[PDB]
There are 2 protein chains.
Amino acid sequence: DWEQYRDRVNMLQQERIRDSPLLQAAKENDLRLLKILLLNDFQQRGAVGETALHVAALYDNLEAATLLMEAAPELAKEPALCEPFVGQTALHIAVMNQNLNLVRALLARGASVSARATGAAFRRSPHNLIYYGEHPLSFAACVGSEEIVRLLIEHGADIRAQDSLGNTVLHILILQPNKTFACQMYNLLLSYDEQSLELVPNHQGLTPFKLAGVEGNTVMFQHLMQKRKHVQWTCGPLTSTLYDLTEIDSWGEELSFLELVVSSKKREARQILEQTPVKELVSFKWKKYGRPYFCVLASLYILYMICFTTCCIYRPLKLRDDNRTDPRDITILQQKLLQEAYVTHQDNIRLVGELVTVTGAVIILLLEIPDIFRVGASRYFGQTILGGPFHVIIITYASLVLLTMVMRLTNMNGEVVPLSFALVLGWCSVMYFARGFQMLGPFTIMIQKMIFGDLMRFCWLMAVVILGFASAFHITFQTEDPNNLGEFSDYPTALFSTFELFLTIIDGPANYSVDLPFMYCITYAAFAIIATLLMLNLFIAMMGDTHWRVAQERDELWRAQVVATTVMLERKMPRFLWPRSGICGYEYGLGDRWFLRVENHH
Amino acid sequence: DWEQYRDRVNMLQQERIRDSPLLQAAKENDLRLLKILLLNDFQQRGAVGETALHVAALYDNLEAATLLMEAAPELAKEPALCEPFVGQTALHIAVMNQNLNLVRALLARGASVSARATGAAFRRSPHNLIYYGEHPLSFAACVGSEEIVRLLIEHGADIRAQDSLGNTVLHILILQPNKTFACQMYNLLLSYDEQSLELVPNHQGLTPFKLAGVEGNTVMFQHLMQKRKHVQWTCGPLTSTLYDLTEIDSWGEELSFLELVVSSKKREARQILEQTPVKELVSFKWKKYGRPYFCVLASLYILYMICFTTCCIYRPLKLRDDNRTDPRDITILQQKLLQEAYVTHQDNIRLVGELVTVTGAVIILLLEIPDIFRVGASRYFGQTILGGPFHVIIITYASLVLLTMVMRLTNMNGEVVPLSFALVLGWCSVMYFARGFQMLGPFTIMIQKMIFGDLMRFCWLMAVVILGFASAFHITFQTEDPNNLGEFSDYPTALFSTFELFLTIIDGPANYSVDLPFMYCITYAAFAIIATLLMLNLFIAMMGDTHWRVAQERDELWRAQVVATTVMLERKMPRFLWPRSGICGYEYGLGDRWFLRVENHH
Ligand SMILES: CC(C)[C@@H](C)/C=C/[C@@H](C)[C@H]1CC[C@H]2C3=CC=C4C[C@@H](O)CC[C@]4(C)[C@H]3CC[C@]12C
Ligand SMILES: CC(C)[C@@H](C)/C=C/[C@@H](C)[C@H]1CC[C@H]2C3=CC=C4C[C@@H](O)CC[C@]4(C)[C@H]3CC[C@]12C
Ligand SMILES: CC(C)[C@@H](C)/C=C/[C@@H](C)[C@H]1CC[C@H]2C3=CC=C4C[C@@H](O)CC[C@]4(C)[C@H]3CC[C@]12C
Ligand SMILES: CC(C)[C@@H](C)/C=C/[C@@H](C)[C@H]1CC[C@H]2C3=CC=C4C[C@@H](O)CC[C@]4(C)[C@H]3CC[C@]12C
């Protein structure tokens, strides 16, 4: 809807301009028409509450604008009035258009340096092609005009002014597309900070440094670190550099810089983890504490999955309580009742295995469920870097184990169902620990990108081929004796047999002792060419093409998963297992700060 | 044939020139021979009716040509006479050769600016390496000569002159290979238009704008739009531009610009759909109306295919009316007659499912058959972008359902045959709707390019291996008892078993309880190495290589299929479901035209 509305607003602005000789003269730069018309209403408006001076500024007409102020100087103070552009002044427009002389002329008339363009055209949104904040200084910074940024601070513009998101100009600058002035402009604006402006948080709680991390602005991140590094010594090709970890390690805060970076929705935030002080810090944390503890947690989880598997294998079963009648029934055994199920030393050993099994399902829920709420369910389940799909299946596993325990307590039949799903998802969730090892981590990401990519696309077109051919095979065999060829004997079996025949995992139905219907040979030749020969090998060809084009994305995602594991372990484990990282400054007279020392060759 | 004929014409032209001292002097530029020979027939002809002045112009000899006119000025007016070059003048030739002084000399003698070179050498065809139209002005435009184009219009050449295709010079220019003058030359020729010349249609009904769309000339399309855009405002990096949709949306016309573009045979016409106003218009139409309605039509078609499938599953069958005799017969059931087939509430429910099934087959034919005639059967079935092969199978489906209904009404046996083909093609045609979704559309094009590409090439060489080895296996087993190994028991079964063994979809024939002929082990080892190991994996290797080299073509074809779906839906659906797209100019005083407003960052 918003596009058609904005489109109408734009048409309606031009309609009023074209309808009004003052606004047309201001757009056209018709000095002669202004020199007639201004002598005989100056406060008349375009469709959004824009004045003739907004029009003159928009069409970049200094000559018209100086006439309009000479006739009616109060126009320099006027905001626009309607929701798209409300609060916008001719000063915001003169800054957008980089017209230094028109800006200085509006300031000479006393246009407000602190006016907020609060309308919907100025809010960070997918609707807007730019986000310059709401103040003339924020615009002057985002257009890169050093002259206008100085001229506005000379006229009393406040560098610490915040917009409707709480963004100061330093936050607005870090949100810009990477262009050469943006770091120059940040370094200029901090020269007027003489708490510091770069410590002011927005309404998300982000300081400009954390915003650079979340937004993936690696150029601004390196610029921010030039003032947090100290070059300790240089000797020949070697230098020792000491980096202040205060902002990076984010000590004692609920949401850390590293957590905000790994949990960011933006693709570019992974590149912050490859920036020098960050890369060495998370590397140290991983090789020192993270990998050792993750290998222990993997071992404990594998041992727990062996315990659960043993409790499935030794599950309590007795010879069935009724006779089998029809030859098609093969069930011979049956679930024991509670007071039959715990009557031997072997059951008492299985019972402690069941209690360990249930205890671990509770511990999974106690560890997982609080992090759904903190992170938000969309990010907690939806992020490859955090382990999103492994969170879905490990909670499903714990839910199915607790379902199995309430079924057991109730003497409820069919425990084999939740136990089978629990064994599959229980064991498949061991692949969460693949992320700890360079052999297996990148490959586990590649399997994930194949499942949510080429597998769903293949399975939709495969389902349509299966519905076609299974129906053809079923009705081809409906005339025939099902005991002579069973694969297509009823429609559910025909679907299942056709699915197995698509994958070639059962042999092509054959009985050379009998005359099969001629339409089967035809239909199977068409199915063998389309499903088996073409489609299944085209799935190989498709994944082969996807693999080489995904290979770098897979490796970046793996380096990000190691960091997200490191961050998660340190936040969740007891603090005595995670000593504070880097060098304590207090031992060396550097005050309360902590450092990373990096030595490098150049 | 035409090459050998033209070749003879060219040899015969040179033969006459070499035979005739006047024409040889005109080619050679032998001024001294002309200064002897011209004093004592000047109207004598080369093999195609060319004069000595045509020869002098062709060999680019101004000196000879001014002598020939000094002796016989009527030569400037002479056309060539024979079918290859009929109507060609020395003025057409002097323009081809860009000889401004020779052109101005022929015009001083009163050579016709409006002569038509109507012969076969000048017609748009695959025989001709250039198409410059038929008039000297059309040639002057296509050689890019601004001096000669001005000099010809100064001498009264008509810019609106049309050739045998109805092409004006603006159409001829849009047909040229993209070279720097072609837009300059179009912009020059419109400066003499002061209805407009760019509204004149050719004999296909195409104006120059629609011809640029059909021909895929994206450079001329962008040039044409520079005069249909209005830049509404510019502010900082943003601009709002208003594009006139009149030619693009082609409102109320039988064949629209967008339909002519998507239905074009030329590969380059897809690139027009990625040009700014077109791209935003078809995108709006798709996201606003096309995708919603296509998802409904997909749902209704899937529900219809479920209804038909249910009518196949519940088809009316009774226990056979005769005893089975030989053990090889497995048929136990049989088709019911009409007065047996509709006798229960379950049959009455199936009957309304059959009536819905038949009604939908009629509705498919009522929707499809008129579009065969309008589009032409070669384009309607032959285009990947329009859905050509899906039109073939969906009409085959409807034909087989109506065949099945006339069989049913006749009590005709073997309904299983058209029903099986109808189930396969009925369900496979659901993949037509894959084009609506980015997950499935590109992949459905890739399956199509594999079927008509690497699959036919593999299936021809596979058939030759199957004929070889099936014959070897059959005659190897002819000596042996068919009840001990059935796969090769007769030649049709040997072919079918060999085809299934090629694909590995049945197991290698084995019976370890008996002595198989030694020639079987040899022949199967050769078949396993050639068919299974080599050829079938070479099919995987081949499609893998085809896939990466086709991947971009596949994605362009998908973006074109979304537009062709959008265009088709809007033309076929009721108009109240497709409100006219863009902005009505009449609300804003812009007259009867409709616009797209585009906002962009630069
Ligand atoms: C029990 C059966 C009947 C069915 C219901 C179970 C589904 C299993 C096989 C499927 C469901 C989702 C799948 C799945 C989800 C996502 C990932 C993350 C990826 O990086 C590695 C593979 C992995 C871990 C796979 C493993 C197989 C799973 C767990
Ligand atoms: C990869 C995609 C295509 C997935 C969705 C495919 C699913 C189809 C082919 C498979 C998946 C589960 C299969 C399935 C589940 C269980 C049963 C019960 C069995 O006694 C009869 C067959 C029946 C009913 C089959 C029918 C075919 C199904 C539904
Ligand atoms: C019923 C059997 C015996 C035989 C005769 C039928 C043939 C089927 C299997 C074949 C014939 C042509 C094939 C075909 C034609 C072209 C296309 C377009 C492509 O983009 C997707 C696949 C698709 C839709 C395939 C699907 C499988 C089809 C429909
Ligand atoms: C992919 C290409 C090679 C295609 C054309 C291959 C076709 C051959 C191998 C297959 C397609 C259909 C098959 C086929 C159709 C139906 C029957 C009836 C059956 O009772 C005996 C075998 C017989 C006669 C087989 C013989 C082998 C055929 C003709």
# chains A, B, ... in the order shown; residues from 1 in each chain; ligands from 1
>>> residues_near_ligand(ligand="ligand 4", cutoff="9 Å", atoms="only C-alpha atoms and all ligand atoms", output="PyMOL selection string")
(chain A and resi 515-526+528-529) or (chain B and resi 455-456+458-464+466-467+490-500)
>>> interface_residues(of="chain B", to="chain A", cutoff="6 Å", atoms="only C-alpha atoms", output="number ranges by chain")
B: 235-236, 328-333, 420, 423-424, 427, 439-440, 486, 505-506, 540, 543-544, 548, 588
>>> residues_around(residues="residue 437 of chain B", least_positions_apart="4", cutoff="9 Å", atoms="only C-alpha atoms", output="VMD selection string")
chain B and resid 291 433 441 to 442 562
>>> residues_around(residues="residue 170 of chain A", least_positions_apart="6", cutoff="8 Å", atoms="only C-alpha atoms", output="MDAnalysis selection string")
chainID A and resid 186 189 197:198 208
>>> write_last_selection(atoms="N, CA, C and O atoms", output="PDB file, in the first residue's frame")
ATOM      1  N   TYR A 186      32.962  11.288  10.846  1.00  0.00           N
ATOM      2  CA  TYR A 186      32.960  10.813  12.228  1.00  0.00           C
ATOM      3  C   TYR A 186      34.108  11.440  13.047  1.00  0.00           C
ATOM      4  O   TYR A 186      33.887  11.985  14.126  1.00  0.00           O
ATOM      5  N   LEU A 189      33.248  15.097  13.637  1.00  0.00           N
ATOM      6  CA  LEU A 189      32.200  15.297  14.632  1.00  0.00           C
ATOM      7  C   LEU A 189      32.676  15.035  16.059  1.00  0.00           C
ATOM      8  O   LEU A 189      32.367  15.822  16.953  1.00  0.00           O
ATOM      9  N   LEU A 197      30.244  11.549  23.464  1.00  0.00           N
ATOM     10  CA  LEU A 197      29.152  11.270  22.536  1.00  0.00           C
ATOM     11  C   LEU A 197      29.179   9.830  22.012  1.00  0.00           C
ATOM     12  O   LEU A 197      28.128   9.221  21.844  1.00  0.00           O
ATOM     13  N   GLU A 198      30.351   9.229  21.810  1.00  0.00           N
ATOM     14  CA  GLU A 198      30.422   7.842  21.349  1.00  0.00           C
ATOM     15  C   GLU A 198      30.069   6.796  22.423  1.00  0.00           C
ATOM     16  O   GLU A 198      30.093   5.603  22.138  1.00  0.00           O
ATOM     17  N   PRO A 208      27.462   3.683  19.355  1.00  0.00           N
ATOM     18  CA  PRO A 208      27.963   3.665  17.985  1.00  0.00           C
ATOM     19  C   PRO A 208      28.914   2.496  17.685  1.00  0.00           C
ATOM     20  O   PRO A 208      28.829   1.892  16.625  1.00  0.00           O
TER      21      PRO A 208
END
>>> atom_distance(atom1="atom CA of residue 33 of chain B", atom2="atom CA of residue 61 of chain B")
14.1 Å
>>> residues_near_ligand(ligand="ligand 1", cutoff="12 Å", atoms="only C-alpha atoms and all ligand atoms", output="number ranges by chain")
A: 381-397, 400, 416-435, 440-453, 455-456, 554, 557-558, 561
>>> select_by_dssp(residues="segment 299-508 of chain B", states="strand (DSSP E)", output="MDAnalysis selection string")
chainID B and resid 317:319 333:335
>>> atom_distance(atom1="atom CA of residue 257 of chain A", atom2="atom CA of residue 200 of chain A")
15.1 Å
>>> closest_residue(among="B:159, B:317, B:120, B:560", to="residue 267 of chain B", atoms="only C-alpha atoms")
B:560
